[PDB]
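Visitor: pasting the first bit of my complex, frame unchanged:
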Amino acid sequence: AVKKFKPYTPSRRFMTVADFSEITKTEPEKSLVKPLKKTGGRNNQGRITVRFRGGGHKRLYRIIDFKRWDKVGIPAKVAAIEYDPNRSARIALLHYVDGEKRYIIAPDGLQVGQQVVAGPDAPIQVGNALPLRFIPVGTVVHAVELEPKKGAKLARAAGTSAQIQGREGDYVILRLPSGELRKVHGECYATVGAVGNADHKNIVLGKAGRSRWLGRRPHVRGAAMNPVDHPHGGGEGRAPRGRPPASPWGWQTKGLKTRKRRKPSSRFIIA
């Protein structure tokens, strides 16, 4: 729904926040499965290797289930929709009949009290997970494995989906959130429906702190540095790159394709 604020301050004029209808009636996360402390840390063995990352609210990690084929045939009730700091989509805590609990990346439509289940048997309805073969060609579907038994890799950003496009032997044609068209193995599970919290794209951050709260440090333009510092760097008063735009590292950044030519991922992709 996206709350918009009255301008009792500049900046709070452009800022908009999420509705939280979404999740209601459950905030403190599930002490049990949920938490491992999450490790803030914006680089590897010494050196920063992602620029401009750091700061931002101390944050606990919710351990979700991206491999639902453990619990084939066991249904579970959807117990609550709760807030996840660690991703754009919201999550649903569901108690399996099994006793056992886990978090699924909460698909659109899903509502407290629903029962949900995974297997080749499963009804073709919201939140249920299934091999791609036993899912009807045309349905949209998210949290898709890419190789069988490897965990859900596709379609987990808030409001994403993929669509079953066709069959083809052990394999099955898939239109991805990008627009790419990719064969994925029939045994690769996927959960019917799309992702939801799909207003997520429309938050207007609103000011430059906040950007900080989410741990995004300020990003200094190329020209804006000096030549030691960057390709664009230099120039007496203000400058026009001076051919052709480039990362700090030098490699071209307007139009240059980067994916590896002879990748065996090829032959599976088609867009």
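Guide: Alright, I've got the coordinates. Residues are numbered from 1 along each chain as shown, chains lettered A, B, ... in the order given.

Visitor: Quick check: phi and psi on the residue of chain A positioned farthest from its centre?
Guide: Centroid-distance maximum for chain A: residue A:236 at 42.7 Å, with C-alpha atoms, centre = their mean. Here is the backbone geometry of residue A:236 (degrees, to the nearest 10): phi -70, psi 120.

Visitor: Pull the number of nearby residues for residue A:263.
Guide: By the criterion of other C-beta atoms under 10 Å, residue A:263 has 10 neighbours. In short, each C-beta sits where N, CA and C put it, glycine included.

Visitor: Ignore what I typed, I meant residue A:28.
Guide: Neighbouring residues of residue A:28 were enumerated by other C-beta under 10 Å; the total is 8.

Visitor: Three-state assignment for it, please.
Guide: coil (DSSP: H, G, I helix; E, B strand; the rest coil).

Visitor: Contacts only, for residue A:81.
Guide: With contacts defined as C-beta atoms under 8 Å, 6 or more residues apart in numbering, residue A:81 is in contact with A:22, A:23, A:24, A:26, A:90, A:91, A:92, A:106, A:110, A:111, A:112.

Visitor: now the sequence for chain B, which goes on the structure above:
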Amino acid sequence: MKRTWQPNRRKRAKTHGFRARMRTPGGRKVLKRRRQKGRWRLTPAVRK
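Guide: If we add chain B to the chains shown above, we get the following:
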């Protein structure tokens, strides 16, 4: 105004310590050199 030197014994021992020299090869040599020079002190001494 705050100057370069700000004594802290934990720091000093973890940094210029006997144990700290000896773990690195480069440090082993420091000690080797100073022994061979005759230094009365191979390490910056520190205590309470």
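
Visitor: I'd like the distance between the residue farthest from the centre of chain A and residue A:225.
Guide: Per C-beta to C-beta, to the nearest Å, residue A:236 is found 15 Å from residue A:225.

Visitor: so residue A:17 sits right up against residue A:200, yeah?
Guide: No: with contact defined as C-beta atoms under 8 Å, residue A:17 does not reach residue A:200; the gap is 11.6 Å.

Visitor: So between these two, which is more surrounded?
Guide: residue A:200 (18 against 15; other C-beta atoms under 10 Å in any protein chain shown).

Visitor: Quick check: phi and psi at the more buried one.
Guide: Torsion angles, degrees, to the nearest 10, at residue A:200: phi -40, psi -40.

Visitor: quick one, what contacts it?
Guide: Applying C-beta atoms under 8 Å, 6 or more residues apart in numbering or on different chains, one finds that residue A:200 lies in contact with A:18, A:88, A:89, A:158, A:159.

Visitor: could you also fit RNA strand C onto it:
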RNA sequence: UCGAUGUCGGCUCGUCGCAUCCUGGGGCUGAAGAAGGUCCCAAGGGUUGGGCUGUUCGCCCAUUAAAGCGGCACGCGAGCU
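Guide: Next up, RNA strand C placed on what we already have:
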């Protein structure tokens, strides 16, 4: 003069030169009077307050007997700016 001679203008402080802007003499005058013009002698003393520009200088306002032009390391930063 580069093992350093601070390098515009302003202020403050002056002092000198006369090729004199006032003031004192004077001869010519196309000098009736008054007021000019021009040259000659003469710095003793004087030679204003503002607007504009960092300005020098200049133009402008209001005055003035007059609102001179130069030199002193484009006088003067171990005096200031």
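
Visitor: please look at the neighbour count of residue A:28 again, because RNA strand C has been put in.
Guide: 8.

Visitor: same deal with residue A:161?
Guide: 23.

Visitor: which residues sit in contact with it?
Guide: Residues in contact with residue A:161 (C-beta under 8 Å, 6+ apart) are A:140, A:141, A:142, A:155, A:177, A:193, A:194, A:195.

Visitor: I'd say residue A:252 and residue A:246 touch.
Guide: Yes: between residue A:252 and residue A:246 a contact is recorded at 5.7 Å, counting by C-beta under 8 Å.

Visitor: Comparing the two, which shows the higher neighbour count?
Guide: More crowded of residue A:252 and residue A:246, by other C-beta under 10 Å: residue A:246, with 17 against 13.

Visitor: Nearest spatial neighbour of the more buried one, chain-adjacent residues omitted?
Guide: Of all residues not flanking residue A:246 in the chain, residue A:231 sits nearest, at 4.2 Å (C-beta to C-beta, 6 or more residues apart in numbering or on different chains).
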